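**Student:** One file: entry_17.json (JSON, C-alpha atoms and all ligand atoms).
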```
[["chain", "number", "residue", "atom", "x", "y", "z"],
["A", 1, "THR", "CA", 209.55, -125.78, 93.95],
["A", 2, "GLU", "CA", 208.54, -126.62, 90.34],
["A", 3, "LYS", "CA", 208.09, -128.93, 87.30],
["A", 4, "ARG", "CA", 204.79, -130.36, 88.56],
["A", 5, "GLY", "CA", 203.03, -131.26, 85.37],
["A", 6, "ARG", "CA", 199.99, -129.68, 83.78],
["A", 7, "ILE", "CA", 196.21, -129.85, 83.97],
["A", 8, "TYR", "CA", 193.49, -129.32, 81.36],
["A", 9, "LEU", "CA", 190.54, -127.25, 82.64],
["A", 10, "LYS", "CA", 187.54, -125.30, 81.42],
["A", 11, "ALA", "CA", 186.01, -122.65, 83.68],
["A", 12, "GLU", "CA", 183.23, -120.33, 82.58],
["A", 13, "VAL", "CA", 180.60, -118.13, 84.20],
["A", 14, "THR", "CA", 177.04, -118.11, 82.83],
["A", 15, "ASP", "CA", 174.11, -116.44, 84.60],
["A", 16, "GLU", "CA", 175.55, -116.39, 88.13],
["A", 17, "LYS", "CA", 176.93, -119.93, 87.95],
["A", 18, "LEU", "CA", 180.56, -120.89, 87.61],
["A", 19, "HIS", "CA", 180.95, -124.13, 85.63],
["A", 20, "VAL", "CA", 184.29, -125.95, 85.88],
["A", 21, "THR", "CA", 185.38, -129.07, 84.00],
["A", 22, "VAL", "CA", 188.45, -130.88, 85.27],
["A", 23, "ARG", "CA", 189.57, -133.02, 82.37],
["A", 24, "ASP", "CA", 193.00, -134.58, 82.82],
["A", 25, "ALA", "CA", 196.51, -133.90, 84.02],
["A", 26, "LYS", "CA", 199.86, -135.01, 82.67],
["A", 27, "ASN", "CA", 203.30, -135.57, 84.15],
["A", 28, "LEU", "CA", 202.47, -135.14, 87.80],
["A", 29, "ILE", "CA", 205.16, -135.58, 90.42],
["A", 30, "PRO", "CA", 205.62, -138.93, 92.12],
["A", 31, "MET", "CA", 204.43, -138.92, 95.76],
["A", 32, "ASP", "CA", 204.48, -142.56, 96.77],
["A", 33, "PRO", "CA", 207.01, -145.32, 97.42],
["A", 34, "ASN", "CA", 205.91, -147.00, 94.18],
["A", 35, "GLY", "CA", 206.83, -143.92, 92.17],
["A", 36, "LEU", "CA", 203.26, -142.90, 91.31],
["A", 37, "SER", "CA", 200.48, -141.01, 93.08],
["A", 38, "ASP", "CA", 196.73, -141.30, 93.78],
["A", 39, "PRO", "CA", 195.58, -137.87, 92.64],
["A", 40, "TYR", "CA", 192.38, -136.00, 93.20],
["A", 41, "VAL", "CA", 191.50, -132.38, 92.67],
["A", 42, "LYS", "CA", 190.08, -129.98, 95.30],
["A", 43, "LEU", "CA", 188.08, -126.96, 94.00],
["A", 44, "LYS", "CA", 187.12, -124.05, 96.25],
["A", 45, "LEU", "CA", 186.15, -120.38, 96.05],
["A", 46, "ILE", "CA", 188.63, -118.64, 98.33],
["A", 47, "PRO", "CA", 188.64, -117.14, 100.88],
["A", 48, "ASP", "CA", 186.24, -119.76, 102.31],
["A", 49, "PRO", "CA", 186.43, -119.19, 106.10],
["A", 50, "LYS", "CA", 183.45, -121.38, 106.92],
["A", 51, "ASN", "CA", 184.76, -124.08, 104.57],
["A", 52, "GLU", "CA", 181.54, -124.56, 102.63],
["A", 53, "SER", "CA", 182.58, -124.34, 98.94],
["A", 54, "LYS", "CA", 184.80, -127.37, 98.62],
["A", 55, "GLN", "CA", 184.15, -129.88, 95.84],
["A", 56, "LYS", "CA", 186.48, -132.62, 94.68],
["A", 57, "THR", "CA", 187.02, -135.12, 91.94],
["A", 58, "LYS", "CA", 187.25, -138.84, 92.55],
["A", 59, "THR", "CA", 190.65, -140.23, 93.45],
["A", 60, "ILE", "CA", 192.38, -142.14, 90.64],
["A", 61, "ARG", "CA", 194.87, -144.57, 92.01],
["A", 62, "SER", "CA", 198.37, -145.29, 90.78],
["A", 63, "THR", "CA", 198.82, -142.80, 87.96],
["A", 64, "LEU", "CA", 200.71, -139.62, 87.15],
["A", 65, "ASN", "CA", 198.44, -138.92, 84.15],
["A", 66, "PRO", "CA", 194.89, -139.00, 85.49],
["A", 67, "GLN", "CA", 191.79, -138.52, 83.40],
["A", 68, "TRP", "CA", 188.93, -137.42, 85.64],
["A", 69, "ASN", "CA", 186.52, -135.87, 83.14],
["A", 70, "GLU", "CA", 184.36, -134.42, 85.89],
["A", 71, "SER", "CA", 182.25, -131.27, 85.98],
["A", 72, "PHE", "CA", 181.32, -128.97, 88.85],
["A", 73, "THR", "CA", 179.09, -125.99, 89.39],
["A", 74, "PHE", "CA", 179.27, -123.20, 91.96],
["A", 75, "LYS", "CA", 176.45, -120.69, 92.52],
["A", 76, "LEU", "CA", 177.98, -117.22, 92.72],
["A", 77, "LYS", "CA", 176.95, -114.41, 95.04],
["A", 78, "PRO", "CA", 177.88, -110.69, 94.90],
["A", 79, "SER", "CA", 180.77, -111.08, 97.33],
["A", 80, "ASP", "CA", 182.45, -113.47, 94.89],
["A", 81, "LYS", "CA", 183.75, -110.45, 93.00],
["A", 82, "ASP", "CA", 186.62, -110.58, 95.51],
["A", 83, "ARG", "CA", 187.16, -114.36, 95.37],
["A", 84, "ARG", "CA", 189.22, -116.81, 93.34],
["A", 85, "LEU", "CA", 188.54, -120.30, 92.10],
["A", 86, "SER", "CA", 191.36, -122.40, 93.66],
["A", 87, "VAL", "CA", 192.25, -125.73, 91.95],
["A", 88, "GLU", "CA", 194.64, -128.01, 93.90],
["A", 89, "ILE", "CA", 195.79, -131.52, 93.06],
["A", 90, "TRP", "CA", 196.52, -133.64, 96.15],
["A", 91, "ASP", "CA", 197.67, -137.23, 96.62],
["A", 92, "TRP", "CA", 195.19, -139.39, 98.54],
["A", 93, "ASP", "CA", 197.12, -141.59, 101.05],
["A", 94, "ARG", "CA", 196.05, -144.82, 102.70],
["A", 95, "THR", "CA", 198.55, -144.56, 105.56],
["A", 96, "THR", "CA", 199.65, -140.94, 105.88],
["A", 97, "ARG", "CA", 198.04, -137.52, 105.73],
["A", 98, "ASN", "CA", 197.26, -136.57, 102.12],
["A", 99, "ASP", "CA", 199.90, -134.34, 100.50],
["A", 100, "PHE", "CA", 199.99, -131.48, 97.98],
["A", 101, "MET", "CA", 200.91, -132.04, 94.31],
["A", 102, "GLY", "CA", 200.25, -128.79, 92.40],
["A", 103, "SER", "CA", 197.80, -125.96, 91.87],
["A", 104, "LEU", "CA", 196.58, -122.74, 90.28],
["A", 105, "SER", "CA", 193.71, -120.29, 90.52],
["A", 106, "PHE", "CA", 191.52, -117.90, 88.58],
["A", 107, "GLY", "CA", 189.89, -114.69, 89.69],
["A", 108, "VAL", "CA", 186.11, -114.93, 89.53],
["A", 109, "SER", "CA", 185.90, -111.45, 88.05],
["A", 110, "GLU", "CA", 188.47, -112.42, 85.43],
["A", 111, "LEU", "CA", 186.65, -115.59, 84.42],
["A", 112, "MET", "CA", 183.54, -113.46, 84.00],
["A", 113, "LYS", "CA", 185.40, -111.33, 81.45],
["A", 114, "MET", "CA", 186.92, -114.35, 79.69],
["A", 115, "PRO", "CA", 186.35, -118.10, 80.16],
["A", 116, "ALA", "CA", 189.30, -120.39, 80.73],
["A", 117, "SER", "CA", 189.99, -123.38, 78.49],
["A", 118, "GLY", "CA", 193.11, -125.40, 77.88],
["A", 119, "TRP", "CA", 196.31, -126.61, 79.47],
["A", 120, "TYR", "CA", 197.77, -124.92, 82.56],
["A", 121, "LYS", "CA", 201.09, -125.24, 84.37],
["A", 122, "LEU", "CA", 200.82, -126.55, 87.93],
["A", 123, "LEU", "CA", 202.29, -124.29, 90.56],
["A", 124, "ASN", "CA", 203.34, -124.61, 94.16],
["A", 125, "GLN", "CA", 200.76, -124.22, 96.92],
["A", 126, "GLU", "CA", 201.36, -120.55, 97.75],
["A", 127, "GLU", "CA", 201.75, -119.42, 94.15],
["A", 128, "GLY", "CA", 198.69, -121.36, 93.11],
["A", 129, "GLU", "CA", 196.38, -119.27, 95.25],
["A", 130, "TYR", "CA", 197.42, -116.13, 93.34],
["A", 131, "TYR", "CA", 197.73, -116.79, 89.62],
["A", 132, "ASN", "CA", 197.71, -119.26, 86.77],
["A", 133, "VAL", "CA", 199.98, -119.89, 83.77],
["A", 134, "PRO", "CA", 198.36, -121.04, 80.55],
["A", 135, "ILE", "CA", 200.57, -123.19, 78.32],
["A", 136, "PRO", "CA", 198.87, -123.03, 74.88],
["A", 137, "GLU", "CA", 202.27, -123.35, 73.14],
["B", 1, "PB", "PB", 201.65, -139.20, 99.69],
["B", 2, "PB", "PB", 199.28, -141.96, 97.72]]
```
Would you mind writing the file's structure down as structure tokens?
Ligand SMILES: [Pb+2]
Ligand SMILES: [Pb+2]
**Tutor:**
Amino acid sequence: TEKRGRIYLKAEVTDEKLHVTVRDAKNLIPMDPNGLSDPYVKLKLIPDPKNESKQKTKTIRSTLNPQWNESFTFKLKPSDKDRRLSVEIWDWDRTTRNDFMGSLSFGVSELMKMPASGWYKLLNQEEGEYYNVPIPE
């Protein structure tokens, strides 16, 4: 559904490399019995059939307002013109399968035209693979 918090990201392409900085997120949805979550962020260039592009932040336990401050780099290839950078927050779970918290994505070609910087609204899993919603206001 919706109202999943927001995330602050920077994503820019420079000389065939995509640099992404995952800063922090605010107001995430509770996922655990204790009312909090143990969030981490998965980054991928999709489609990724062979599942080779995945990178992830560390897991921060017991918070709905994580501050990761982590950076990542992807080397781009020509075929990436048809790919998107997918950013998904998931809850790490000690005793159950990990579950989805919120997401968004950027087209590689679009980032090449204009870098991304700022706060973004977290979307549901399907929606997140298709667009993003900046919230500069
Ligand atoms: Pb959970
Ligand atoms: Pb958990």
**Student:** When the cut-off is 8 Å and you count all atoms listed in the file, which residues lie near ligand PB 1 (chain B), shown as a PyMOL selection string?
**Tutor:** chain A and resi 31-32+37-38+91-93+96-99
**Student:** Take the residues just selected and output them with C-alpha atoms as an mmCIF file, in the frame of the given file.
**Tutor:**
```cif
data_model
loop_
_atom_site.group_PDB
_atom_site.id
_atom_site.type_symbol
_atom_site.label_atom_id
_atom_site.label_comp_id
_atom_site.auth_asym_id
_atom_site.auth_seq_id
_atom_site.Cartn_x
_atom_site.Cartn_y
_atom_site.Cartn_z
ATOM 1 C CA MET A 31 204.430 -138.920 95.760
ATOM 2 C CA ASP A 32 204.480 -142.560 96.770
ATOM 3 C CA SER A 37 200.480 -141.010 93.080
ATOM 4 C CA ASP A 38 196.730 -141.300 93.780
ATOM 5 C CA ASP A 91 197.670 -137.230 96.620
ATOM 6 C CA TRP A 92 195.190 -139.390 98.540
ATOM 7 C CA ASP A 93 197.120 -141.590 101.050
ATOM 8 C CA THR A 96 199.650 -140.940 105.880
ATOM 9 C CA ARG A 97 198.040 -137.520 105.730
ATOM 10 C CA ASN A 98 197.260 -136.570 102.120
ATOM 11 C CA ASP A 99 199.900 -134.340 100.500
#
```
**Student:** Which is closest to residue 119 (chain A) among A:44, A:50, A:6, A:77, if we use all atoms listed in the file?
**Tutor:**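 The answer is A:6, which sits nearest to residue 119 (chain A).
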**Student:** Which residue gives the smallest distance to ligand PB 2 (chain B) among A:72, A:58, A:27, A:94, with only C-alpha atoms and all ligand atoms counted?
**Tutor:** A:94
**Student:** Name the closest residue to ligand PB 2 (chain B) among the candidates A:76, A:123, A:43, A:101; distances are taken between atoms, counting all atoms listed in the file.
**Tutor:**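 Result for the nearest residue to ligand PB 2 (chain B): A:101.
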**Student:** Show me, as a ChimeraX atom specification, the residues that have an atom within 7 Å of residue 131 (chain A) when counting only C-alpha atoms, minus same-chain residues fewer than 6 positions from it.
**Tutor:** /A:104-106
**Student:** Pick out the residues sitting within 8 Å of residue 70 (chain A), and hand them over as a list in words; count all atoms listed in the file, and ignore anything fewer than 2 positions along from it in its own chain.
**Tutor:**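 The residues that qualify are residues 21, 22, 23, 57, 68 and 72 of chain A.
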**Student:** Compare A:118, A:39, A:102, A:107 by their minimum atom-to-atom distance to residue 80 (chain A), counting all atoms listed in the file, and give me the closest one.
**Tutor:**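 Closest to residue 80 (chain A), using all atoms listed in the file: A:107.
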**Student:** List every protein, DNA or RNA residue with an atom no more than 12 Å from (198.1, -136.0, 83.6) in the file's coordinates, counting all atoms listed in the file, and format the result as a PyMOL selection string.
**Tutor:** chain A and resi 4-9+22-30+36-41+60+62-69+89+101-102+119-122
**Student:** Since the input is missing atoms, can you rebuild N, CA and C atoms for region 58-72 of chain A and write them as a PDB file, in the coordinates of the input?
**Tutor:**
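Output (selection-v4.pdb):
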```
ATOM      1  N   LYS A  58     186.960-137.526  92.004  1.00  0.00           N
ATOM      2  CA  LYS A  58     187.250-138.840  92.550  1.00  0.00           C
ATOM      3  C   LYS A  58     188.773-138.960  92.580  1.00  0.00           C
ATOM      4  N   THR A  59     189.248-139.933  93.351  1.00  0.00           N
ATOM      5  CA  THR A  59     190.650-140.230  93.450  1.00  0.00           C
ATOM      6  C   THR A  59     190.928-141.281  92.387  1.00  0.00           C
ATOM      7  N   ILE A  60     192.005-141.118  91.649  1.00  0.00           N
ATOM      8  CA  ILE A  60     192.380-142.140  90.640  1.00  0.00           C
ATOM      9  C   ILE A  60     193.674-142.701  91.158  1.00  0.00           C
ATOM     10  N   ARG A  61     193.666-143.995  91.437  1.00  0.00           N
ATOM     11  CA  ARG A  61     194.870-144.570  92.010  1.00  0.00           C
ATOM     12  C   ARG A  61     195.942-145.016  91.042  1.00  0.00           C
ATOM     13  N   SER A  62     197.175-144.859  91.509  1.00  0.00           N
ATOM     14  CA  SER A  62     198.370-145.290  90.780  1.00  0.00           C
ATOM     15  C   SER A  62     198.528-144.759  89.372  1.00  0.00           C
ATOM     16  N   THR A  63     198.581-143.433  89.253  1.00  0.00           N
ATOM     17  CA  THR A  63     198.820-142.800  87.960  1.00  0.00           C
ATOM     18  C   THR A  63     199.435-141.412  88.143  1.00  0.00           C
ATOM     19  N   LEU A  64     200.165-140.965  87.134  1.00  0.00           N
ATOM     20  CA  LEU A  64     200.710-139.620  87.150  1.00  0.00           C
ATOM     21  C   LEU A  64     200.101-138.887  85.968  1.00  0.00           C
ATOM     22  N   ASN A  65     199.120-139.514  85.318  1.00  0.00           N
ATOM     23  CA  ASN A  65     198.440-138.920  84.150  1.00  0.00           C
ATOM     24  C   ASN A  65     196.964-139.236  84.199  1.00  0.00           C
ATOM     25  N   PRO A  66     196.309-138.782  85.271  1.00  0.00           N
ATOM     26  CA  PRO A  66     194.890-139.000  85.490  1.00  0.00           C
ATOM     27  C   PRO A  66     193.933-138.341  84.530  1.00  0.00           C
ATOM     28  N   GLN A  67     192.848-139.034  84.248  1.00  0.00           N
ATOM     29  CA  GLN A  67     191.790-138.520  83.400  1.00  0.00           C
ATOM     30  C   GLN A  67     190.508-138.606  84.218  1.00  0.00           C
ATOM     31  N   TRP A  68     190.122-137.469  84.803  1.00  0.00           N
ATOM     32  CA  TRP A  68     188.930-137.420  85.640  1.00  0.00           C
ATOM     33  C   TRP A  68     187.636-137.181  84.868  1.00  0.00           C
ATOM     34  N   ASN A  69     187.681-136.244  83.922  1.00  0.00           N
ATOM     35  CA  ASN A  69     186.520-135.870  83.140  1.00  0.00           C
ATOM     36  C   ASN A  69     185.303-135.624  84.010  1.00  0.00           C
ATOM     37  N   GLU A  70     185.465-134.744  84.988  1.00  0.00           N
ATOM     38  CA  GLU A  70     184.360-134.420  85.890  1.00  0.00           C
ATOM     39  C   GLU A  70     183.996-132.962  85.820  1.00  0.00           C
ATOM     40  N   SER A  71     182.714-132.659  86.017  1.00  0.00           N
ATOM     41  CA  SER A  71     182.250-131.270  85.980  1.00  0.00           C
ATOM     42  C   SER A  71     181.658-130.853  87.315  1.00  0.00           C
ATOM     43  N   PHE A  72     181.766-129.553  87.591  1.00  0.00           N
ATOM     44  CA  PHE A  72     181.320-128.970  88.850  1.00  0.00           C
ATOM     45  C   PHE A  72     180.674-127.627  88.605  1.00  0.00           C
TER      46      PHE A  72
END
```
